[PDB]
Amino acid sequence: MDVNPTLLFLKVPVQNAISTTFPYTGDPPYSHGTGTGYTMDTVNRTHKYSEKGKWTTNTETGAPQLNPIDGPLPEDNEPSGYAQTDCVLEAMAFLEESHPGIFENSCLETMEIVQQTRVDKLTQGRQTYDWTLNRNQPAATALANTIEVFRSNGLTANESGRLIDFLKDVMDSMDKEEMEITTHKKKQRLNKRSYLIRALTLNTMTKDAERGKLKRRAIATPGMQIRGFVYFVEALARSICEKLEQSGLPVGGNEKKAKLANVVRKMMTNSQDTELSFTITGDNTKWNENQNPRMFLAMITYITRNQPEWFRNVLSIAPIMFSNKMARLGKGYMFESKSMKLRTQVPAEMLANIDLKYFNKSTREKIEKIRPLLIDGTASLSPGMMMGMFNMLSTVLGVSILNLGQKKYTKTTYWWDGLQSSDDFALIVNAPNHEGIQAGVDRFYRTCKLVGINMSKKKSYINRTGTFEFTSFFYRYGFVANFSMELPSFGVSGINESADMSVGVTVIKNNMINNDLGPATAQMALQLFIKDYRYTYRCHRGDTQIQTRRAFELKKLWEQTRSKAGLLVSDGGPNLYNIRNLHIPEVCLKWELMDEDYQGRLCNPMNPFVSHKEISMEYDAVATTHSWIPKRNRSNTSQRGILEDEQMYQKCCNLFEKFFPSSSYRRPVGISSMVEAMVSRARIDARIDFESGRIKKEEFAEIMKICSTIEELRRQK
Amino acid sequence: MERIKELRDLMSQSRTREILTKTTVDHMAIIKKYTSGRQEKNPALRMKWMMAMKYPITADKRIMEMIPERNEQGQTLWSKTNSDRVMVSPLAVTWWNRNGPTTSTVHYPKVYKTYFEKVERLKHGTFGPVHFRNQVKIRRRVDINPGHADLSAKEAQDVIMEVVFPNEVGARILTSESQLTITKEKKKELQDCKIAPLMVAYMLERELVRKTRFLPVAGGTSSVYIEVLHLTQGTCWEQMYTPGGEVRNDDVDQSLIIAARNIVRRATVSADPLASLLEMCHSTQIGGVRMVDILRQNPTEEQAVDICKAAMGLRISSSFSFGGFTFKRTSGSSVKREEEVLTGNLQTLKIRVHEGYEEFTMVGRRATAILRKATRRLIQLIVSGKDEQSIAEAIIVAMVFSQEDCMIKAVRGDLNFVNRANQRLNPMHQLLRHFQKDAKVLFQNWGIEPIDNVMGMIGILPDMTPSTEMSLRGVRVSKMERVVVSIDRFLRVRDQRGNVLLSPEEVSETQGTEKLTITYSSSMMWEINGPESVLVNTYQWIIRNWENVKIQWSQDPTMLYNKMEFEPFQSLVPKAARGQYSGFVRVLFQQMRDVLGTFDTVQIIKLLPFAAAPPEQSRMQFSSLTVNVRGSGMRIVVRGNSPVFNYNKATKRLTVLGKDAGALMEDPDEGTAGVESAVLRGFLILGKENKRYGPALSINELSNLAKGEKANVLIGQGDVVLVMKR
Amino acid sequence: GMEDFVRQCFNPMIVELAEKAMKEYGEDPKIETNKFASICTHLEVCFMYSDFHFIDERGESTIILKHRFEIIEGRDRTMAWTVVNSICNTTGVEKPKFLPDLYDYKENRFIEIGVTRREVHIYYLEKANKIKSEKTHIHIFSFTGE
RNA sequence: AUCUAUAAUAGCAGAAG
RNA sequence: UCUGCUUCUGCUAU
RNA sequence: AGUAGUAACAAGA
Ligand SMILES: *O[C@H]1[C@@H](O)[C@H](n2cnc3c(N)ncnc32)O[C@@H]1COP(=O)(O)OP(=O)(O)OP(=O)(O)OC[C@H]1O[C@@H](n2c[n+](C)c3c(=O)[nH]c(N)nc32)[C@H](O)[C@@H]1O
Ligand SMILES: Nc1ccn([C@@H]2O[C@H](COP(=O)(O)CP(=O)(O)OP(=O)(O)O)[C@@H](O)[C@H]2O)c(=O)n1
Ligand SMILES: [Mg+2]
Ligand SMILES: [Mg+2]
């Protein structure tokens, strides 16, 4: 017998065993070299889908920009970026007509959002392009560098702390004759065009650890001048998506499954009995490369009708900046000579003035096709969205096309509705016969073509209503469990012993709750997690023979302890977990069983493995000694000048927390400097203390004198 | 003193001074998150890659004086690193755990009291049997952390800020009396606390702040049942369990209302609703406690709870609840009908409108009122509240209760009548919630009328000002018991005089979900379950017993139709339809036993529950039959498969609402000729379209044909077929 | 031109405080110059109403040590509310629903200062009604001397 | 009965597009 | 010159 | 050589 696992589908429906088809036990594919190839190929595809558009030269950056809007209607079924503005405006108008007041209410909530949001929001980002260094940096570091450069250039509206004031600072920065960068101290001066190109740049990197793809692709990260505007636009689009029944966003998880099930259920209820009902499991092809920023500007302009003009402007800036964006090419390439046995790095900035003899066929073609767009090591990319930068606005566009499917708009016997999550979509078509179904599908496809949406024909299929797939959720008369997708969440997390126990047990319990993890498999998952935990942390049961550096101390503690069942697993104790007590932490689970001296040692108030805060008297520690801190190795470049800046930053922040007790519980607000706030707090505290009677004459005088000394030092350095 | 000298030291230098001066407080958080290095990624690999090393831990240098450099085996516990940090081995952690200074004062039980409450709830819990069953889990929002019953999340956070950080609350003021009481008790309980204020704040967040999540739930949705959801509810099994602590009375009241409504609804279908209802309440538990024992000691005001109390010879209130006020009808009657209305924000929605004149005593705690109303009309409202805010509360509640078109058109803004998961919300509750935040527009669009100044009372104006001249259109201000009942075989609750006080028709049709798990013990553990469970289990019972059911469907069909097993199904059928549906199905079955060769097991199984009603004659042909699931009418199509009942001819496994019901064996007398005798009333389907007999006409167009005549009908899901009139 | 006048009319510390006050809420001192002048006048009236007033070690007010007044105006919103909350938690005085301008330790009460261009009756009445707390002091000055 | 929300600390990890 | 955006979920508290 | 797969590693300073 030849074993064929796929033959199991001959009896078990594919949905009820979909977990088999997800091979998430092996490592995911990574990229190894540069991402310049994928970046250039993305730019060339974007300009190929819009090649019949109009070419112009940007008077501000000098970049060739392609405009495919209102271009010739497509003649074939290849992806097209030729969205018609009148069709997009009609889709918006009919979405507002079908849901009266959606855009007005969304604009009110977004006005509140825009007026209250702080600049600190921008620090909630991951790796960000930093134009001051022309490199990727943490979002908070990039924002701090931007604020420092803006301040040294006389731009200080961001001192208000509001995001919109920082956006005004960005707007004013885009009008300066020259930008001063002060490194460490080399004083560089960018001119208007160079600073402008750096401000409209999105750094490009290759996406790593991605399942389901044979070939790698490029992702983009914008700078700080783009992120605030994109945040405001995405907030407006999220407010809109929240009010739409077809939107699969921003709902996620169990709430998303419930919404999808209820909406599909209502759709099947609305469909009359004599009607034929079909469902398209549909993907859209080249979604981000055919989403035009000009159509996003049209959508925002229609959505913000009759709003204050400042609001329309601040919402219009993101599509404008994305219409004039530049894509940084990346790291370049690497060249090898076998005969000379040497290798060298060729930067991307010299890919326009390099000889094409060095490259293979396809890379030479890429460079030849992309050379007219190269400026300062970036490529002009007017069309496209550059990989999920306006997820919610493109969701709104897709939902508008879905909304165009009611019988009041089709004016025929067929109609359609469905679900839209950015690019993914489930389309339910109803019609009195099969010809009507075909006509409705053709009309939906062509209407999508009219707005720059291209249904992937090779990835989409259609069947009688009742089963479909939407955003990796498989629906067979109801959504099925897919446990494999949550498989990489099982294991030792690497935080510390306590946190790893908590995470392992909690993951097992939540997988029992959400992903149909059965009780026997849950017990076996518990056993496997305890094995992996004991291996990782060298904390095998005291009464064992495994030889490790920790085993002697564990044997001593084991033989020392009367009640062994109270010892934590990290202390070589037994595993008392079962299905009953997964929701209970480990220290609480066996608190009754602990020996008194072991319990008073594990939870000692003067625990030396956790940090202690001053009130040299300190607060008592509560955590156990298993909550230690892992050494983080961060030691070979020239970027070692920031280690001292960060150390002094930390010193200042600890002093501030000594003056402001709630600063680390909630984010502090204030336009005053740190010294001013701290001195005023010290003064008012000394006053209400001398008054209430905790300090005397002389201590109050001394505090007031030190405050006056600090204030004359801040005025007189 | 220390800190001000520290600040002066940093300002004496040059770079720290420039930092302290040229950095606002808002940018301090930015410079606080400011990091330098290559960040970090995939820490699990890092942990596996550093635990084999000698010193993977970083600690403060103070540990030099607490942990020795070497143990009794010469293994190094810490090593100096070229600063205040020091690299440390896990052997140091174990050496502290076995030799460190011990104490009798640990803070862990106090800081983590909620986890010990979970421990105590598990320790004193009671385990029942495990029942393997067809499980229907529904995704809904439930409480993961219950929090304080009085406070809301916002109020709890305000209390926590006031308790832990008094001088940092800003403009905020604690308004509620519960907020002030809990703040007083927490500030009293936390003096001379040796715990850092951050950890105290997080302990209070665990104690007070309510937290919710969307989860797939079966059984009780209360937090004491959600915390053990992994243990009690599985894919195919229910583990009977009762937590150890004390139950909240609110959850008991809610679950009692749910169980009573389910029981009354299922009892109305029985031929003896009184005995059926008594059997159900005798065979029902709510959170482990017997239902009859709850009914004898629970002062819950609800129609179905009062019917349950009356059937067991108890005193009832004959009252209900609405908008926080207790309503007691003093005179009048009413029926309930579905009415579609358009709101002020252009949202169409159906409301249960009560037709008939009636009068009510509406009692709150800070207000009280006499109401008189008709079909969507507030005839009279005499409020007698204490404060003008309570007066306004009672007025708003009465305007919403009246179901006036002025009230429905006063809706402004982004008022949603659906859930975030697109689930139907109660329209009346939504209107109340909308107008309780601001009812200015409602007060303007209500109307005014002049007062005659009778009895010395004074009327109120839309500006909440007392006026002797004019008032609202029917509103007047003023300056200011369990009865023995009977019940008959059909659950009509008469008084001592003889006038009807309650009826099953007054029971709310909303199918809710219990807070505490409801346990039913009988032949069918699903008899008083939700609609999805009832449908799945009805069809599963039909096909599980298909041998005797099939033998009985031919010998004595009347005996089969009368079985109790179909009565939970019949409570989901709309009442006005039941008889008609029954008649239809029965005629189908009869014309199925007359035509030899036409035997479809799937058709019989599909239509068998609908034949459980007294059959009313009709000439209507049904293409589908409606069952009420969660406020929506799901249609079971007479021919072919549907989304509530689909038979896979390949796997032979019937699927009901996505839940497997089981396989159908091979019937030798199955009809492969293609003829159908159980689709249309008085018509045999002989196959596909024959263009000889003309174009296709409608299902409801077939009533004028004559016997011995074929035709083409567009009967089904867009399927044209050829039928003939018998 | 108003800008220039303000820049030369008031002290640099008052001007800096006004600059901070209008910069906190997104107002340009170069654009909205009348609000610049109003805020400078408010700050100057407050810093003259406060200064040269102390309480000696026995407990009464002497004009020349424990300052008689606590300046609440001209602070950041957070620092102002911190001062107000600390005063309330120490002296046990009712918390004002809005930020006041001064606090009097001797009289133990929050002072709301107003500097009106129009009649003092109108302004005063309006402010009083808005506050609706019969505990906060309201002292209204005008440029006419009333 | 409602409850991303009559809501907003932050970081990390998993999944999805 | 190298883990982006968005959404959900879980854990933790420099 | 091998890993690997559209570009890299097969040490770097
Ligand atoms: O959680 C649900 C329920 O269990 C809970 N509840 C109900 N009763 C109590 C008591 N007594 N104590 C604590 N909690 C209680 O509140 C929720 C109500 O359930 P839900 O299904 O959401 O709504 P319900 O179907 O009960 O209808 P509702 O709008 O709440 O009205 C309740 C009651 O009011 C009657 N009623 C309304 N109107 C406008 C009426 C009218 O014009 N004329 C007459 N005669 N009655 C009217 C409703 O029919 C119900 O009887
Ligand atoms: N990591 C990710 C994955 C997806 N996305 C967003 O989702 C879209 C579809 O991705 P997708 O992966 O479905 C496109 P694919 O099907 O591979 O190819 P095709 O375009 O030829 O059809 C992208 O274009 C981005 O907007 C993202 O922002 N980050
Ligand atoms: Mg798809
Ligand atoms: Mg795809």
# chains A, B, ... in the order shown; residues from 1 in each chain; ligands from 1

$ residues_near_ligand --ligand "ligand 3" --cutoff "7 Å" --atoms "only C-alpha atoms (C1' of nucleotides) and all ligand atoms" --output "tab-separated table (two decimals) with N, CA and C atoms, in the first residue's frame"
chain	number	residue	atom	x	y	z
A	281	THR	N	-15.95	33.20	-4.43
A	281	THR	CA	-14.75	33.38	-3.63
A	281	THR	C	-13.75	34.12	-4.51
A	282	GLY	N	-13.46	35.37	-4.18
A	282	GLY	CA	-12.71	36.23	-5.08
A	282	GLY	C	-11.54	36.93	-4.43
A	283	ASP	N	-10.43	36.94	-5.15
A	283	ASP	CA	-9.27	37.77	-4.87
A	283	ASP	C	-9.16	38.82	-5.96
A	424	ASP	N	-9.69	41.16	-0.64
A	424	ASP	CA	-10.47	39.92	-0.62
A	424	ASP	C	-11.96	40.23	-0.68
A	425	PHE	N	-12.72	39.31	-1.27
A	425	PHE	CA	-14.15	39.58	-1.36
A	425	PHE	C	-14.93	38.30	-1.63
A	426	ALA	N	-16.14	38.28	-1.08
A	426	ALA	CA	-17.11	37.22	-1.27
A	426	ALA	C	-18.33	37.86	-1.90
A	469	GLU	N	-14.71	30.94	0.80
A	469	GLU	CA	-13.54	31.28	1.60
A	469	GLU	C	-13.40	32.79	1.60
A	470	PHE	N	-13.14	33.36	2.78
A	470	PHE	CA	-12.98	34.80	2.91
A	470	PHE	C	-11.90	35.06	3.95
A	471	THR	N	-10.79	35.67	3.52
A	471	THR	CA	-9.67	36.03	4.39
A	471	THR	C	-9.20	34.83	5.21

$ interface_residues --of "chain E" --to "chain B" --cutoff "10 Å" --atoms "only C-alpha atoms (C1' of nucleotides)" --output "ChimeraX atom specification"
/E:3,9,13-14

$ residues_around --residues "region 470-486 of chain B" --least-positions-apart "2" --cutoff "6 Å" --atoms "only C-alpha atoms (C1' of nucleotides)" --output "PyMOL selection string"
chain B and resi 315-317+380-384+447-451+457-461+493-495

$ closest_residue --among "A:696, A:266, A:213, A:168" --to "ligand 2" --atoms "only C-alpha atoms and all ligand atoms"
A:213

$ interface_residues --of "chain C" --to "chain B" --cutoff "7 Å" --atoms "only C-alpha atoms" --output "ChimeraX atom specification"
/C:78,81-82,85-86

$ write_last_selection --atoms "N, CA, C and O atoms" --output "short mmCIF file (atom, residue, chain, number, x, y, z; two decimals), in the first residue's frame"
data_model
loop_
_atom_site.label_atom_id
_atom_site.label_comp_id
_atom_site.auth_asym_id
_atom_site.auth_seq_id
_atom_site.Cartn_x
_atom_site.Cartn_y
_atom_site.Cartn_z
N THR C 78 -1.90 70.87 32.52
CA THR C 78 -1.61 69.79 33.45
C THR C 78 -1.06 70.33 34.77
O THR C 78 -1.50 69.92 35.85
N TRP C 81 -3.90 72.15 36.72
CA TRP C 81 -4.80 71.23 37.40
C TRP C 81 -4.10 70.49 38.53
O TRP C 81 -4.73 70.17 39.54
N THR C 82 -2.79 70.24 38.40
CA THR C 82 -2.04 69.63 39.49
C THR C 82 -2.01 70.55 40.71
O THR C 82 -2.24 70.10 41.84
N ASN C 85 -5.57 70.59 42.23
CA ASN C 85 -5.88 69.36 42.95
C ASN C 85 -5.09 69.26 44.25
O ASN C 85 -5.62 68.79 45.26
N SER C 86 -3.83 69.70 44.25
CA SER C 86 -3.05 69.65 45.48
C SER C 86 -3.61 70.61 46.53
O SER C 86 -3.70 70.25 47.71
#

$ residues_near_ligand --ligand "ligand 1" --cutoff "6 Å" --atoms "only C-alpha atoms (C1' of nucleotides) and all ligand atoms" --output "count of residues only"
17

$ interface_residues --of "chain D" --to "chain A" --cutoff "7 Å" --atoms "only C-alpha atoms (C1' of nucleotides)" --output "PyMOL selection string"
chain D and resi 9+14-17

$ residues_near_ligand --ligand "ligand 2" --cutoff "6 Å" --atoms "only C-alpha atoms (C1' of nucleotides) and all ligand atoms" --output "PDB file with N, CA and C atoms (P, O5', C5', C4', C3', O3' and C1' of nucleotides), in the first residue's frame"
ATOM      1  N   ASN A 284      -8.524  39.933  -5.628  1.00  0.00           N
ATOM      2  CA  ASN A 284      -8.185  40.955  -6.603  1.00  0.00           C
ATOM      3  C   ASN A 284      -6.687  40.918  -6.851  1.00  0.00           C
ATOM      4  N   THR A 285      -6.295  41.079  -8.108  1.00  0.00           N
ATOM      5  CA  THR A 285      -4.902  40.965  -8.505  1.00  0.00           C
ATOM      6  C   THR A 285      -4.261  42.344  -8.597  1.00  0.00           C
ATOM      7  N   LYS A 286      -3.022  42.436  -8.115  1.00  0.00           N
ATOM      8  CA  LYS A 286      -2.242  43.673  -8.116  1.00  0.00           C
ATOM      9  C   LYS A 286      -3.035  44.817  -7.489  1.00  0.00           C
ATOM     10  N   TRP A 287      -3.520  44.573  -6.273  1.00  0.00           N
ATOM     11  CA  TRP A 287      -4.421  45.509  -5.610  1.00  0.00           C
ATOM     12  C   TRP A 287      -3.733  46.841  -5.339  1.00  0.00           C
ATOM     13  N   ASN A 288      -2.591  46.806  -4.649  1.00  0.00           N
ATOM     14  CA  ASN A 288      -1.937  48.051  -4.257  1.00  0.00           C
ATOM     15  C   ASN A 288      -1.334  48.781  -5.451  1.00  0.00           C
ATOM     16  N   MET A 387       1.780  48.914  -1.394  1.00  0.00           N
ATOM     17  CA  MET A 387       1.561  47.875  -0.386  1.00  0.00           C
ATOM     18  C   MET A 387       0.835  48.318   0.878  1.00  0.00           C
ATOM     19  N   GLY A 388      -0.467  48.045   0.915  1.00  0.00           N
ATOM     20  CA  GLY A 388      -1.363  48.311   2.023  1.00  0.00           C
ATOM     21  C   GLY A 388      -1.112  49.543   2.863  1.00  0.00           C
ATOM     22  N   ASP A 423      -8.865  43.813  -0.323  1.00  0.00           N
ATOM     23  CA  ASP A 423      -8.838  43.217  -1.649  1.00  0.00           C
ATOM     24  C   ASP A 423      -9.654  41.936  -1.718  1.00  0.00           C
TER      25      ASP A 423
ATOM     26  P     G D  17      -4.282  35.540   4.008  1.00  0.00           P
ATOM     27  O5'   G D  17      -4.547  36.943   3.315  1.00  0.00           O
ATOM     28  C5'   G D  17      -5.861  37.462   3.203  1.00  0.00           C
ATOM     29  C4'   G D  17      -5.839  38.954   3.016  1.00  0.00           C
ATOM     30  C3'   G D  17      -4.800  39.495   2.050  1.00  0.00           C
ATOM     31  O3'   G D  17      -5.186  39.372   0.695  1.00  0.00           O
ATOM     32  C1'   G D  17      -4.797  40.790   4.023  1.00  0.00           C
TER      33        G D  17
ATOM     34  P     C E   5       4.582  49.965  10.466  1.00  0.00           P
ATOM     35  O5'   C E   5       3.186  50.156   9.731  1.00  0.00           O
ATOM     36  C5'   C E   5       2.992  51.210   8.803  1.00  0.00           C
ATOM     37  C4'   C E   5       1.777  50.963   7.952  1.00  0.00           C
ATOM     38  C3'   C E   5       0.530  50.534   8.704  1.00  0.00           C
ATOM     39  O3'   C E   5      -0.170  51.630   9.263  1.00  0.00           O
ATOM     40  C1'   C E   5       0.862  49.118   6.838  1.00  0.00           C
TER      41        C E   5
END

$ decode --residues "chain F" --atoms "N, CA and C atoms (P, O5', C5', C4', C3', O3' and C1' of nucleotides)" --output "PDB file, in the first residue's frame"
ATOM      1  P     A F   1      31.531  23.896  -6.648  1.00  0.00           P
ATOM      2  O5'   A F   1      31.172  22.854  -5.501  1.00  0.00           O
ATOM      3  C5'   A F   1      31.674  21.529  -5.545  1.00  0.00           C
ATOM      4  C4'   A F   1      31.654  20.885  -4.182  1.00  0.00           C
ATOM      5  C3'   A F   1      30.317  20.876  -3.462  1.00  0.00           C
ATOM      6  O3'   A F   1      29.455  19.841  -3.901  1.00  0.00           O
ATOM      7  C1'   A F   1      32.005  21.587  -1.977  1.00  0.00           C
ATOM      8  P     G F   2      27.899  20.136  -4.159  1.00  0.00           P
ATOM      9  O5'   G F   2      27.342  20.578  -2.735  1.00  0.00           O
ATOM     10  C5'   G F   2      27.350  19.686  -1.632  1.00  0.00           C
ATOM     11  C4'   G F   2      27.094  20.416  -0.340  1.00  0.00           C
ATOM     12  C3'   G F   2      25.817  21.236  -0.280  1.00  0.00           C
ATOM     13  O3'   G F   2      24.657  20.465  -0.030  1.00  0.00           O
ATOM     14  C1'   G F   2      27.599  22.545   0.505  1.00  0.00           C
ATOM     15  P     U F   3      23.246  20.926  -0.645  1.00  0.00           P
ATOM     16  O5'   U F   3      22.800  22.132   0.291  1.00  0.00           O
ATOM     17  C5'   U F   3      22.561  21.931   1.675  1.00  0.00           C
ATOM     18  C4'   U F   3      22.515  23.241   2.422  1.00  0.00           C
ATOM     19  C3'   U F   3      21.367  24.178   2.077  1.00  0.00           C
ATOM     20  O3'   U F   3      20.164  23.859   2.755  1.00  0.00           O
ATOM     21  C1'   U F   3      23.394  25.384   2.062  1.00  0.00           C
ATOM     22  P     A F   4      18.813  23.566   1.934  1.00  0.00           P
ATOM     23  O5'   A F   4      18.489  24.927   1.172  1.00  0.00           O
ATOM     24  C5'   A F   4      18.383  26.159   1.869  1.00  0.00           C
ATOM     25  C4'   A F   4      18.921  27.301   1.044  1.00  0.00           C
ATOM     26  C3'   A F   4      18.027  27.787  -0.085  1.00  0.00           C
ATOM     27  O3'   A F   4      17.057  28.718   0.362  1.00  0.00           O
ATOM     28  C1'   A F   4      20.252  27.504  -0.873  1.00  0.00           C
ATOM     29  P     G F   5      15.564  28.703  -0.231  1.00  0.00           P
ATOM     30  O5'   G F   5      15.676  29.523  -1.585  1.00  0.00           O
ATOM     31  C5'   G F   5      16.443  30.715  -1.645  1.00  0.00           C
ATOM     32  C4'   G F   5      16.675  31.161  -3.064  1.00  0.00           C
ATOM     33  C3'   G F   5      15.422  31.228  -3.941  1.00  0.00           C
ATOM     34  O3'   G F   5      15.470  32.408  -4.733  1.00  0.00           O
ATOM     35  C1'   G F   5      17.067  29.890  -4.983  1.00  0.00           C
ATOM     36  P     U F   6      14.752  33.740  -4.204  1.00  0.00           P
ATOM     37  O5'   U F   6      15.275  34.869  -5.190  1.00  0.00           O
ATOM     38  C5'   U F   6      16.667  35.101  -5.365  1.00  0.00           C
ATOM     39  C4'   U F   6      16.953  35.691  -6.721  1.00  0.00           C
ATOM     40  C3'   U F   6      16.117  36.915  -7.089  1.00  0.00           C
ATOM     41  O3'   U F   6      16.903  37.795  -7.888  1.00  0.00           O
ATOM     42  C1'   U F   6      15.739  35.202  -8.665  1.00  0.00           C
ATOM     43  P     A F   7      17.370  39.219  -7.315  1.00  0.00           P
ATOM     44  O5'   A F   7      18.396  38.862  -6.149  1.00  0.00           O
ATOM     45  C5'   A F   7      17.982  38.863  -4.786  1.00  0.00           C
ATOM     46  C4'   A F   7      19.102  38.486  -3.847  1.00  0.00           C
ATOM     47  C3'   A F   7      20.518  38.872  -4.297  1.00  0.00           C
ATOM     48  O3'   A F   7      21.269  39.285  -3.155  1.00  0.00           O
ATOM     49  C1'   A F   7      20.431  36.569  -3.845  1.00  0.00           C
ATOM     50  P     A F   8      22.565  40.226  -3.305  1.00  0.00           P
ATOM     51  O5'   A F   8      23.466  39.842  -2.052  1.00  0.00           O
ATOM     52  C5'   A F   8      24.142  38.598  -1.988  1.00  0.00           C
ATOM     53  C4'   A F   8      23.611  37.749  -0.863  1.00  0.00           C
ATOM     54  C3'   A F   8      24.642  36.907  -0.135  1.00  0.00           C
ATOM     55  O3'   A F   8      25.350  37.643   0.843  1.00  0.00           O
ATOM     56  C1'   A F   8      22.766  35.574  -0.656  1.00  0.00           C
ATOM     57  P     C F   9      26.903  37.350   1.103  1.00  0.00           P
ATOM     58  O5'   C F   9      26.901  36.076   2.055  1.00  0.00           O
ATOM     59  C5'   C F   9      26.294  36.117   3.336  1.00  0.00           C
ATOM     60  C4'   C F   9      26.156  34.731   3.911  1.00  0.00           C
ATOM     61  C3'   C F   9      27.447  33.943   4.060  1.00  0.00           C
ATOM     62  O3'   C F   9      28.155  34.275   5.239  1.00  0.00           O
ATOM     63  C1'   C F   9      25.798  32.587   3.040  1.00  0.00           C
ATOM     64  P     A F  10      29.737  34.550   5.194  1.00  0.00           P
ATOM     65  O5'   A F  10      30.380  33.158   4.759  1.00  0.00           O
ATOM     66  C5'   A F  10      30.305  32.015   5.599  1.00  0.00           C
ATOM     67  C4'   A F  10      30.563  30.744   4.828  1.00  0.00           C
ATOM     68  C3'   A F  10      31.917  30.624   4.143  1.00  0.00           C
ATOM     69  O3'   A F  10      32.946  30.204   5.022  1.00  0.00           O
ATOM     70  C1'   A F  10      30.212  30.006   2.633  1.00  0.00           C
ATOM     71  P     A F  11      34.200  31.155   5.321  1.00  0.00           P
ATOM     72  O5'   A F  11      33.558  32.378   6.105  1.00  0.00           O
ATOM     73  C5'   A F  11      34.228  33.624   6.198  1.00  0.00           C
ATOM     74  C4'   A F  11      33.327  34.673   6.793  1.00  0.00           C
ATOM     75  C3'   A F  11      33.927  36.058   6.951  1.00  0.00           C
ATOM     76  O3'   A F  11      33.882  36.807   5.752  1.00  0.00           O
ATOM     77  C1'   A F  11      32.843  35.437   8.954  1.00  0.00           C
ATOM     78  P     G F  12      35.031  37.877   5.426  1.00  0.00           P
ATOM     79  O5'   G F  12      34.727  39.075   6.429  1.00  0.00           O
ATOM     80  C5'   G F  12      33.646  39.962   6.189  1.00  0.00           C
ATOM     81  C4'   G F  12      33.342  40.807   7.398  1.00  0.00           C
ATOM     82  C3'   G F  12      34.429  41.798   7.789  1.00  0.00           C
ATOM     83  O3'   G F  12      34.315  43.026   7.094  1.00  0.00           O
ATOM     84  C1'   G F  12      33.817  40.533   9.681  1.00  0.00           C
ATOM     85  P     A F  13      35.610  43.951   6.871  1.00  0.00           P
ATOM     86  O5'   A F  13      35.907  44.561   8.313  1.00  0.00           O
ATOM     87  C5'   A F  13      35.080  45.578   8.857  1.00  0.00           C
ATOM     88  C4'   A F  13      35.366  45.799  10.320  1.00  0.00           C
ATOM     89  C3'   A F  13      36.728  46.401  10.646  1.00  0.00           C
ATOM     90  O3'   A F  13      36.722  47.817  10.605  1.00  0.00           O
ATOM     91  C1'   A F  13      36.402  44.466  11.953  1.00  0.00           C
TER      92        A F  13
END
